[PDB]
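*Asks:* Supplied structure: my_file.pdb, PDB, N, CA and C atoms.
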ATOM      1  N   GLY A   1      17.232  15.527 -13.257  1.00  0.00           N
ATOM      2  CA  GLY A   1      18.494  14.824 -13.100  1.00  0.00           C
ATOM      3  C   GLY A   1      18.318  13.565 -12.249  1.00  0.00           C
ATOM      4  N   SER A   2      18.763  12.447 -12.802  1.00  0.00           N
ATOM      5  CA  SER A   2      18.662  11.176 -12.106  1.00  0.00           C
ATOM      6  C   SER A   2      19.772  11.060 -11.061  1.00  0.00           C
ATOM      7  N   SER A   3      19.375  10.657  -9.863  1.00  0.00           N
ATOM      8  CA  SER A   3      20.323  10.503  -8.773  1.00  0.00           C
ATOM      9  C   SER A   3      20.887  11.868  -8.373  1.00  0.00           C
ATOM     10  N   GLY A   4      20.284  12.444  -7.343  1.00  0.00           N
ATOM     11  CA  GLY A   4      20.715  13.742  -6.855  1.00  0.00           C
ATOM     12  C   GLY A   4      21.023  13.689  -5.358  1.00  0.00           C
ATOM     13  N   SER A   5      20.134  14.292  -4.581  1.00  0.00           N
ATOM     14  CA  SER A   5      20.298  14.321  -3.138  1.00  0.00           C
ATOM     15  C   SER A   5      19.903  12.969  -2.539  1.00  0.00           C
ATOM     16  N   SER A   6      20.448  12.696  -1.363  1.00  0.00           N
ATOM     17  CA  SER A   6      20.163  11.448  -0.677  1.00  0.00           C
ATOM     18  C   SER A   6      18.653  11.286  -0.492  1.00  0.00           C
ATOM     19  N   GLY A   7      18.211  10.039  -0.559  1.00  0.00           N
ATOM     20  CA  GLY A   7      16.799   9.736  -0.401  1.00  0.00           C
ATOM     21  C   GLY A   7      16.519   8.260  -0.695  1.00  0.00           C
ATOM     22  N   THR A   8      15.264   7.880  -0.508  1.00  0.00           N
ATOM     23  CA  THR A   8      14.854   6.507  -0.748  1.00  0.00           C
ATOM     24  C   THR A   8      13.838   6.447  -1.892  1.00  0.00           C
ATOM     25  N   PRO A   9      13.903   5.325  -2.659  1.00  0.00           N
ATOM     26  CA  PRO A   9      13.001   5.132  -3.780  1.00  0.00           C
ATOM     27  C   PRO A   9      11.597   4.762  -3.296  1.00  0.00           C
ATOM     28  N   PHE A  10      10.839   5.788  -2.937  1.00  0.00           N
ATOM     29  CA  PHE A  10       9.483   5.585  -2.457  1.00  0.00           C
ATOM     30  C   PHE A  10       9.464   4.651  -1.246  1.00  0.00           C
ATOM     31  N   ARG A  11       8.264   4.426  -0.731  1.00  0.00           N
ATOM     32  CA  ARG A  11       8.095   3.557   0.421  1.00  0.00           C
ATOM     33  C   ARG A  11       7.213   2.360   0.060  1.00  0.00           C
ATOM     34  N   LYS A  12       7.254   1.355   0.921  1.00  0.00           N
ATOM     35  CA  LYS A  12       6.468   0.152   0.705  1.00  0.00           C
ATOM     36  C   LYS A  12       5.726  -0.206   1.994  1.00  0.00           C
ATOM     37  N   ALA A  13       4.619  -0.912   1.827  1.00  0.00           N
ATOM     38  CA  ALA A  13       3.813  -1.323   2.963  1.00  0.00           C
ATOM     39  C   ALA A  13       3.435  -2.798   2.809  1.00  0.00           C
ATOM     40  N   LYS A  14       3.159  -3.426   3.943  1.00  0.00           N
ATOM     41  CA  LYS A  14       2.784  -4.830   3.948  1.00  0.00           C
ATOM     42  C   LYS A  14       1.365  -4.973   4.499  1.00  0.00           C
ATOM     43  N   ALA A  15       0.564  -5.754   3.788  1.00  0.00           N
ATOM     44  CA  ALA A  15      -0.813  -5.980   4.194  1.00  0.00           C
ATOM     45  C   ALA A  15      -0.833  -6.836   5.462  1.00  0.00           C
ATOM     46  N   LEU A  16      -1.526  -6.329   6.469  1.00  0.00           N
ATOM     47  CA  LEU A  16      -1.631  -7.033   7.736  1.00  0.00           C
ATOM     48  C   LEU A  16      -2.595  -8.211   7.581  1.00  0.00           C
ATOM     49  N   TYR A  17      -3.756  -7.914   7.017  1.00  0.00           N
ATOM     50  CA  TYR A  17      -4.768  -8.934   6.806  1.00  0.00           C
ATOM     51  C   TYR A  17      -5.199  -8.984   5.339  1.00  0.00           C
ATOM     52  N   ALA A  18      -5.659 -10.159   4.930  1.00  0.00           N
ATOM     53  CA  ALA A  18      -6.103 -10.352   3.561  1.00  0.00           C
ATOM     54  C   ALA A  18      -7.435  -9.629   3.353  1.00  0.00           C
ATOM     55  N   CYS A  19      -7.489  -8.852   2.281  1.00  0.00           N
ATOM     56  CA  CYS A  19      -8.693  -8.104   1.960  1.00  0.00           C
ATOM     57  C   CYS A  19      -9.164  -8.527   0.566  1.00  0.00           C
ATOM     58  N   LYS A  20     -10.473  -8.685   0.443  1.00  0.00           N
ATOM     59  CA  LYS A  20     -11.063  -9.086  -0.824  1.00  0.00           C
ATOM     60  C   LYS A  20     -11.770  -7.884  -1.454  1.00  0.00           C
ATOM     61  N   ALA A  21     -10.975  -6.881  -1.795  1.00  0.00           N
ATOM     62  CA  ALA A  21     -11.510  -5.675  -2.404  1.00  0.00           C
ATOM     63  C   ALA A  21     -12.593  -6.057  -3.415  1.00  0.00           C
ATOM     64  N   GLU A  22     -13.689  -5.313  -3.369  1.00  0.00           N
ATOM     65  CA  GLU A  22     -14.801  -5.563  -4.271  1.00  0.00           C
ATOM     66  C   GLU A  22     -14.940  -4.414  -5.272  1.00  0.00           C
ATOM     67  N   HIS A  23     -14.354  -3.282  -4.911  1.00  0.00           N
ATOM     68  CA  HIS A  23     -14.404  -2.108  -5.764  1.00  0.00           C
ATOM     69  C   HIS A  23     -13.146  -2.049  -6.632  1.00  0.00           C
ATOM     70  N   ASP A  24     -13.304  -1.461  -7.809  1.00  0.00           N
ATOM     71  CA  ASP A  24     -12.193  -1.335  -8.736  1.00  0.00           C
ATOM     72  C   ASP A  24     -11.084  -0.504  -8.089  1.00  0.00           C
ATOM     73  N   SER A  25     -11.459   0.694  -7.661  1.00  0.00           N
ATOM     74  CA  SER A  25     -10.510   1.591  -7.025  1.00  0.00           C
ATOM     75  C   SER A  25      -9.701   0.835  -5.968  1.00  0.00           C
ATOM     76  N   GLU A  26     -10.409   0.022  -5.197  1.00  0.00           N
ATOM     77  CA  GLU A  26      -9.772  -0.760  -4.152  1.00  0.00           C
ATOM     78  C   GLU A  26      -8.874  -1.836  -4.766  1.00  0.00           C
ATOM     79  N   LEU A  27      -7.978  -2.356  -3.939  1.00  0.00           N
ATOM     80  CA  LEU A  27      -7.059  -3.388  -4.387  1.00  0.00           C
ATOM     81  C   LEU A  27      -7.223  -4.628  -3.505  1.00  0.00           C
ATOM     82  N   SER A  28      -6.976  -5.781  -4.110  1.00  0.00           N
ATOM     83  CA  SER A  28      -7.093  -7.041  -3.394  1.00  0.00           C
ATOM     84  C   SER A  28      -5.715  -7.686  -3.242  1.00  0.00           C
ATOM     85  N   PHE A  29      -5.453  -8.171  -2.037  1.00  0.00           N
ATOM     86  CA  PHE A  29      -4.182  -8.812  -1.749  1.00  0.00           C
ATOM     87  C   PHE A  29      -4.299  -9.743  -0.540  1.00  0.00           C
ATOM     88  N   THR A  30      -3.204 -10.434  -0.257  1.00  0.00           N
ATOM     89  CA  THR A  30      -3.171 -11.357   0.864  1.00  0.00           C
ATOM     90  C   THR A  30      -2.191 -10.864   1.931  1.00  0.00           C
ATOM     91  N   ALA A  31      -2.551 -11.115   3.182  1.00  0.00           N
ATOM     92  CA  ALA A  31      -1.716 -10.705   4.298  1.00  0.00           C
ATOM     93  C   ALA A  31      -0.250 -10.988   3.964  1.00  0.00           C
ATOM     94  N   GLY A  32       0.591 -10.010   4.266  1.00  0.00           N
ATOM     95  CA  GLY A  32       2.015 -10.141   4.005  1.00  0.00           C
ATOM     96  C   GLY A  32       2.383  -9.524   2.653  1.00  0.00           C
ATOM     97  N   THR A  33       1.353  -9.225   1.876  1.00  0.00           N
ATOM     98  CA  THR A  33       1.554  -8.634   0.563  1.00  0.00           C
ATOM     99  C   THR A  33       2.220  -7.263   0.693  1.00  0.00           C
ATOM    100  N   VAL A  34       3.334  -7.114  -0.010  1.00  0.00           N
ATOM    101  CA  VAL A  34       4.074  -5.864   0.018  1.00  0.00           C
ATOM    102  C   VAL A  34       3.674  -5.014  -1.190  1.00  0.00           C
ATOM    103  N   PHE A  35       3.301  -3.774  -0.903  1.00  0.00           N
ATOM    104  CA  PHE A  35       2.895  -2.853  -1.951  1.00  0.00           C
ATOM    105  C   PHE A  35       4.063  -1.965  -2.384  1.00  0.00           C
ATOM    106  N   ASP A  36       3.948  -1.437  -3.594  1.00  0.00           N
ATOM    107  CA  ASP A  36       4.982  -0.573  -4.134  1.00  0.00           C
ATOM    108  C   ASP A  36       4.514   0.882  -4.060  1.00  0.00           C
ATOM    109  N   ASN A  37       5.467   1.763  -3.793  1.00  0.00           N
ATOM    110  CA  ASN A  37       5.168   3.183  -3.693  1.00  0.00           C
ATOM    111  C   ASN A  37       3.839   3.367  -2.958  1.00  0.00           C
ATOM    112  N   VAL A  38       3.910   3.272  -1.638  1.00  0.00           N
ATOM    113  CA  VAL A  38       2.725   3.427  -0.812  1.00  0.00           C
ATOM    114  C   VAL A  38       2.658   4.863  -0.287  1.00  0.00           C
ATOM    115  N   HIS A  39       1.491   5.468  -0.460  1.00  0.00           N
ATOM    116  CA  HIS A  39       1.284   6.834  -0.011  1.00  0.00           C
ATOM    117  C   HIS A  39      -0.162   7.004   0.461  1.00  0.00           C
ATOM    118  N   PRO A  40      -0.407   8.147   1.157  1.00  0.00           N
ATOM    119  CA  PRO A  40      -1.736   8.441   1.667  1.00  0.00           C
ATOM    120  C   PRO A  40      -2.670   8.886   0.540  1.00  0.00           C
ATOM    121  N   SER A  41      -3.682   8.065   0.294  1.00  0.00           N
ATOM    122  CA  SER A  41      -4.649   8.361  -0.749  1.00  0.00           C
ATOM    123  C   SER A  41      -5.426   9.631  -0.398  1.00  0.00           C
ATOM    124  N   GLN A  42      -6.221  10.084  -1.356  1.00  0.00           N
ATOM    125  CA  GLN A  42      -7.019  11.282  -1.162  1.00  0.00           C
ATOM    126  C   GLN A  42      -8.051  11.060  -0.055  1.00  0.00           C
ATOM    127  N   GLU A  43      -8.472   9.811   0.075  1.00  0.00           N
ATOM    128  CA  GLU A  43      -9.452   9.452   1.086  1.00  0.00           C
ATOM    129  C   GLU A  43      -8.779   9.323   2.454  1.00  0.00           C
ATOM    130  N   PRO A  44      -9.588   9.578   3.518  1.00  0.00           N
ATOM    131  CA  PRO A  44      -9.083   9.493   4.879  1.00  0.00           C
ATOM    132  C   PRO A  44      -8.914   8.035   5.312  1.00  0.00           C
ATOM    133  N   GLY A  45      -7.727   7.736   5.819  1.00  0.00           N
ATOM    134  CA  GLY A  45      -7.426   6.389   6.272  1.00  0.00           C
ATOM    135  C   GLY A  45      -7.399   5.409   5.098  1.00  0.00           C
ATOM    136  N   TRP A  46      -6.934   5.907   3.962  1.00  0.00           N
ATOM    137  CA  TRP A  46      -6.851   5.091   2.763  1.00  0.00           C
ATOM    138  C   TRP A  46      -5.514   5.386   2.081  1.00  0.00           C
ATOM    139  N   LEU A  47      -4.746   4.326   1.872  1.00  0.00           N
ATOM    140  CA  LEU A  47      -3.447   4.458   1.233  1.00  0.00           C
ATOM    141  C   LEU A  47      -3.588   4.165  -0.261  1.00  0.00           C
ATOM    142  N   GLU A  48      -2.799   4.880  -1.049  1.00  0.00           N
ATOM    143  CA  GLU A  48      -2.825   4.707  -2.492  1.00  0.00           C
ATOM    144  C   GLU A  48      -1.455   4.250  -2.997  1.00  0.00           C
ATOM    145  N   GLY A  49      -1.338   2.945  -3.194  1.00  0.00           N
ATOM    146  CA  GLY A  49      -0.092   2.370  -3.673  1.00  0.00           C
ATOM    147  C   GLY A  49      -0.288   1.688  -5.029  1.00  0.00           C
ATOM    148  N   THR A  50       0.725   0.935  -5.428  1.00  0.00           N
ATOM    149  CA  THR A  50       0.677   0.227  -6.695  1.00  0.00           C
ATOM    150  C   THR A  50       0.960  -1.263  -6.487  1.00  0.00           C
ATOM    151  N   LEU A  51      -0.101  -2.051  -6.569  1.00  0.00           N
ATOM    152  CA  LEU A  51       0.019  -3.488  -6.392  1.00  0.00           C
ATOM    153  C   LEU A  51       0.038  -4.167  -7.763  1.00  0.00           C
ATOM    154  N   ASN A  52       1.232  -4.576  -8.169  1.00  0.00           N
ATOM    155  CA  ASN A  52       1.400  -5.237  -9.452  1.00  0.00           C
ATOM    156  C   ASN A  52       0.937  -4.300 -10.568  1.00  0.00           C
ATOM    157  N   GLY A  53       1.768  -3.306 -10.846  1.00  0.00           N
ATOM    158  CA  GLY A  53       1.458  -2.339 -11.885  1.00  0.00           C
ATOM    159  C   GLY A  53      -0.029  -1.977 -11.871  1.00  0.00           C
ATOM    160  N   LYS A  54      -0.559  -1.835 -10.665  1.00  0.00           N
ATOM    161  CA  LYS A  54      -1.961  -1.493 -10.499  1.00  0.00           C
ATOM    162  C   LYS A  54      -2.122  -0.603  -9.264  1.00  0.00           C
ATOM    163  N   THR A  55      -2.629   0.597  -9.501  1.00  0.00           N
ATOM    164  CA  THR A  55      -2.838   1.548  -8.422  1.00  0.00           C
ATOM    165  C   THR A  55      -4.312   1.575  -8.013  1.00  0.00           C
ATOM    166  N   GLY A  56      -4.530   1.665  -6.709  1.00  0.00           N
ATOM    167  CA  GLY A  56      -5.881   1.702  -6.177  1.00  0.00           C
ATOM    168  C   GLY A  56      -5.885   2.178  -4.723  1.00  0.00           C
ATOM    169  N   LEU A  57      -7.028   1.997  -4.078  1.00  0.00           N
ATOM    170  CA  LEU A  57      -7.178   2.403  -2.691  1.00  0.00           C
ATOM    171  C   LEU A  57      -6.882   1.209  -1.781  1.00  0.00           C
ATOM    172  N   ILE A  58      -6.153   1.488  -0.710  1.00  0.00           N
ATOM    173  CA  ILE A  58      -5.796   0.451   0.243  1.00  0.00           C
ATOM    174  C   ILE A  58      -6.120   0.932   1.659  1.00  0.00           C
ATOM    175  N   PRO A  59      -6.639  -0.017   2.484  1.00  0.00           N
ATOM    176  CA  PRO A  59      -6.993   0.299   3.857  1.00  0.00           C
ATOM    177  C   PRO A  59      -5.743   0.424   4.731  1.00  0.00           C
ATOM    178  N   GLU A  60      -5.575   1.607   5.301  1.00  0.00           N
ATOM    179  CA  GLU A  60      -4.431   1.869   6.159  1.00  0.00           C
ATOM    180  C   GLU A  60      -4.482   0.976   7.400  1.00  0.00           C
ATOM    181  N   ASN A  61      -5.685   0.511   7.706  1.00  0.00           N
ATOM    182  CA  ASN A  61      -5.882  -0.350   8.860  1.00  0.00           C
ATOM    183  C   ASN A  61      -5.697  -1.809   8.439  1.00  0.00           C
ATOM    184  N   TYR A  62      -5.041  -1.985   7.301  1.00  0.00           N
ATOM    185  CA  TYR A  62      -4.791  -3.318   6.780  1.00  0.00           C
ATOM    186  C   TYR A  62      -3.380  -3.422   6.196  1.00  0.00           C
ATOM    187  N   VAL A  63      -2.580  -2.405   6.480  1.00  0.00           N
ATOM    188  CA  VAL A  63      -1.212  -2.371   5.991  1.00  0.00           C
ATOM    189  C   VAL A  63      -0.266  -2.072   7.157  1.00  0.00           C
ATOM    190  N   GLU A  64       1.019  -2.260   6.897  1.00  0.00           N
ATOM    191  CA  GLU A  64       2.031  -2.015   7.911  1.00  0.00           C
ATOM    192  C   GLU A  64       3.342  -1.575   7.257  1.00  0.00           C
ATOM    193  N   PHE A  65       3.467  -0.267   7.080  1.00  0.00           N
ATOM    194  CA  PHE A  65       4.660   0.294   6.470  1.00  0.00           C
ATOM    195  C   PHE A  65       5.921  -0.402   6.988  1.00  0.00           C
ATOM    196  N   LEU A  66       6.806  -0.722   6.056  1.00  0.00           N
ATOM    197  CA  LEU A  66       8.051  -1.388   6.403  1.00  0.00           C
ATOM    198  C   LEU A  66       9.181  -0.358   6.447  1.00  0.00           C
ATOM    199  N   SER A  67       9.937  -0.403   7.534  1.00  0.00           N
ATOM    200  CA  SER A  67      11.048   0.517   7.710  1.00  0.00           C
ATOM    201  C   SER A  67      12.308  -0.255   8.108  1.00  0.00           C
ATOM    202  N   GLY A  68      12.181  -1.017   9.184  1.00  0.00           N
ATOM    203  CA  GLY A  68      13.297  -1.806   9.678  1.00  0.00           C
ATOM    204  C   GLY A  68      13.363  -3.163   8.975  1.00  0.00           C
ATOM    205  N   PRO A  69      14.572  -3.783   9.034  1.00  0.00           N
ATOM    206  CA  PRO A  69      14.780  -5.078   8.409  1.00  0.00           C
ATOM    207  C   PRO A  69      14.129  -6.193   9.229  1.00  0.00           C
ATOM    208  N   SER A  70      13.288  -6.966   8.556  1.00  0.00           N
ATOM    209  CA  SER A  70      12.597  -8.066   9.207  1.00  0.00           C
ATOM    210  C   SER A  70      12.139  -9.087   8.164  1.00  0.00           C
ATOM    211  N   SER A  71      11.337  -8.606   7.225  1.00  0.00           N
ATOM    212  CA  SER A  71      10.823  -9.463   6.170  1.00  0.00           C
ATOM    213  C   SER A  71      10.004 -10.605   6.774  1.00  0.00           C
ATOM    214  N   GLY A  72       9.321 -11.328   5.900  1.00  0.00           N
ATOM    215  CA  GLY A  72       8.499 -12.447   6.332  1.00  0.00           C
ATOM    216  C   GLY A  72       7.032 -12.033   6.453  1.00  0.00           C
TER
END
Show this structure as structure tokens.
*Replies:*
Amino acid sequence: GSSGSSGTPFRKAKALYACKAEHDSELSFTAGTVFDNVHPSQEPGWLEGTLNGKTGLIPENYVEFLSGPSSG
């Protein structure tokens, strides 16, 4: 059933620093880049989100989950 109990449509994270992922699994983005549906990957200290209809591994030490209103 669509729309049930209160909740949020997944979470998002923002890349702190620009990373030039070299591995496929890994993802490449630029600081400030906001990821879609960010979650803890199977790997330790690795987040698994979807950057532009593309899922891969992301460095948790390179992201910053967004919760409060700020943007930028």
*Asks:* Residues near residue 48 (chain A), anyone? I mean within 8 Å using all atoms listed in the file, not counting same-chain ones fewer than 4 positions away, as number ranges by chain.
*Replies:* A: 36-43, 54-60
*Asks:* Of the residues A:72, A:47, A:52, A:63, which is the one nearest to residue 13 (chain A), using only N, CA and C atoms?
*Replies:* A:63
*Asks:* So how many Å separate CA of residue 31 (chain A) and CA of residue 7 (chain A), to one decimal?
*Replies:*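 Interatomic distance, CA of residue 31 (chain A) to CA of residue 7 (chain A): 28.0 Å.
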*Asks:* Please, what distance in Å, to one decimal, runs between CA of residue 46 (chain A) and CA of residue 12 (chain A)?
*Replies:*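 Atom-to-atom, CA of residue 46 (chain A) and CA of residue 12 (chain A) are spaced 14.4 Å apart.
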*Asks:* Between A:27, A:34, A:21, A:16, single out the one closest to residue 61 (chain A), counting only C-alpha atoms.
*Replies:*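 Of A:27, A:34, A:21, A:16, the one nearest residue 61 (chain A), counting only C-alpha atoms, is A:16.
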*Asks:* Name the closest residue to residue 15 (chain A) among the candidates A:53, A:32, A:68, A:45; distances are taken between atoms, counting all atoms listed in the file.
*Replies:*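 So, comparing all the options, the nearest one is A:32.
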*Asks:* Could you check which of A:35, A:62, A:8, A:69 is closest to residue 50 (chain A), using only N, CA and C atoms?
*Replies:*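 Ranked by minimum distance to residue 50 (chain A), first place goes to A:35.
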*Asks:* For a test of reading the model, state the distance in Å between atom C of residue 17 (chain A) and CA of residue 30 (chain A), rounded to one decimal.
*Replies:*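 Between atom C of residue 17 (chain A) and CA of residue 30 (chain A) the gap works out to 5.5 Å.
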*Asks:* Just asking: which residues within chain A are strand (DSSP E or B) according to DSSP, as an mmCIF file with N, CA and C atoms, in the coordinates of the input?
*Replies:*
data_model
loop_
_atom_site.group_PDB
_atom_site.id
_atom_site.type_symbol
_atom_site.label_atom_id
_atom_site.label_comp_id
_atom_site.auth_asym_id
_atom_site.auth_seq_id
_atom_site.Cartn_x
_atom_site.Cartn_y
_atom_site.Cartn_z
ATOM 1 N N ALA A 13 4.619 -0.912 1.827
ATOM 2 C CA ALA A 13 3.813 -1.323 2.963
ATOM 3 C C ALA A 13 3.435 -2.798 2.809
ATOM 4 N N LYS A 14 3.159 -3.426 3.943
ATOM 5 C CA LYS A 14 2.784 -4.830 3.948
ATOM 6 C C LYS A 14 1.365 -4.973 4.499
ATOM 7 N N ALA A 15 0.564 -5.754 3.788
ATOM 8 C CA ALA A 15 -0.813 -5.980 4.194
ATOM 9 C C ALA A 15 -0.833 -6.836 5.462
ATOM 10 N N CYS A 19 -7.489 -8.852 2.281
ATOM 11 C CA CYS A 19 -8.693 -8.104 1.960
ATOM 12 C C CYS A 19 -9.164 -8.527 0.566
ATOM 13 N N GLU A 26 -10.409 0.022 -5.197
ATOM 14 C CA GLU A 26 -9.772 -0.760 -4.152
ATOM 15 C C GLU A 26 -8.874 -1.836 -4.766
ATOM 16 N N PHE A 29 -5.453 -8.171 -2.037
ATOM 17 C CA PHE A 29 -4.182 -8.812 -1.749
ATOM 18 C C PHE A 29 -4.299 -9.743 -0.540
ATOM 19 N N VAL A 34 3.334 -7.114 -0.010
ATOM 20 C CA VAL A 34 4.074 -5.864 0.018
ATOM 21 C C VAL A 34 3.674 -5.014 -1.190
ATOM 22 N N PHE A 35 3.301 -3.774 -0.903
ATOM 23 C CA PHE A 35 2.895 -2.853 -1.951
ATOM 24 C C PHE A 35 4.063 -1.965 -2.384
ATOM 25 N N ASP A 36 3.948 -1.437 -3.594
ATOM 26 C CA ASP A 36 4.982 -0.573 -4.134
ATOM 27 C C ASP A 36 4.514 0.882 -4.060
ATOM 28 N N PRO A 40 -0.407 8.147 1.157
ATOM 29 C CA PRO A 40 -1.736 8.441 1.667
ATOM 30 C C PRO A 40 -2.670 8.886 0.540
ATOM 31 N N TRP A 46 -6.934 5.907 3.962
ATOM 32 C CA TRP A 46 -6.851 5.091 2.763
ATOM 33 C C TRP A 46 -5.514 5.386 2.081
ATOM 34 N N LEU A 47 -4.746 4.326 1.872
ATOM 35 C CA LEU A 47 -3.447 4.458 1.233
ATOM 36 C C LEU A 47 -3.588 4.165 -0.261
ATOM 37 N N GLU A 48 -2.799 4.880 -1.049
ATOM 38 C CA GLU A 48 -2.825 4.707 -2.492
ATOM 39 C C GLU A 48 -1.455 4.250 -2.997
ATOM 40 N N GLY A 49 -1.338 2.945 -3.194
ATOM 41 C CA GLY A 49 -0.092 2.370 -3.673
ATOM 42 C C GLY A 49 -0.288 1.688 -5.029
ATOM 43 N N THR A 50 0.725 0.935 -5.428
ATOM 44 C CA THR A 50 0.677 0.227 -6.695
ATOM 45 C C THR A 50 0.960 -1.263 -6.487
ATOM 46 N N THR A 55 -2.629 0.597 -9.501
ATOM 47 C CA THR A 55 -2.838 1.548 -8.422
ATOM 48 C C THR A 55 -4.312 1.575 -8.013
ATOM 49 N N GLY A 56 -4.530 1.665 -6.709
ATOM 50 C CA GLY A 56 -5.881 1.702 -6.177
ATOM 51 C C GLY A 56 -5.885 2.178 -4.723
ATOM 52 N N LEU A 57 -7.028 1.997 -4.078
ATOM 53 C CA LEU A 57 -7.178 2.403 -2.691
ATOM 54 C C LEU A 57 -6.882 1.209 -1.781
ATOM 55 N N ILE A 58 -6.153 1.488 -0.710
ATOM 56 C CA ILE A 58 -5.796 0.451 0.243
ATOM 57 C C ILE A 58 -6.120 0.932 1.659
ATOM 58 N N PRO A 59 -6.639 -0.017 2.484
ATOM 59 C CA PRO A 59 -6.993 0.299 3.857
ATOM 60 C C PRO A 59 -5.743 0.424 4.731
ATOM 61 N N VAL A 63 -2.580 -2.405 6.480
ATOM 62 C CA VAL A 63 -1.212 -2.371 5.991
ATOM 63 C C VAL A 63 -0.266 -2.072 7.157
ATOM 64 N N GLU A 64 1.019 -2.260 6.897
ATOM 65 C CA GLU A 64 2.031 -2.015 7.911
ATOM 66 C C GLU A 64 3.342 -1.575 7.257
ATOM 67 N N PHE A 65 3.467 -0.267 7.080
ATOM 68 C CA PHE A 65 4.660 0.294 6.470
ATOM 69 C C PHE A 65 5.921 -0.402 6.988
#
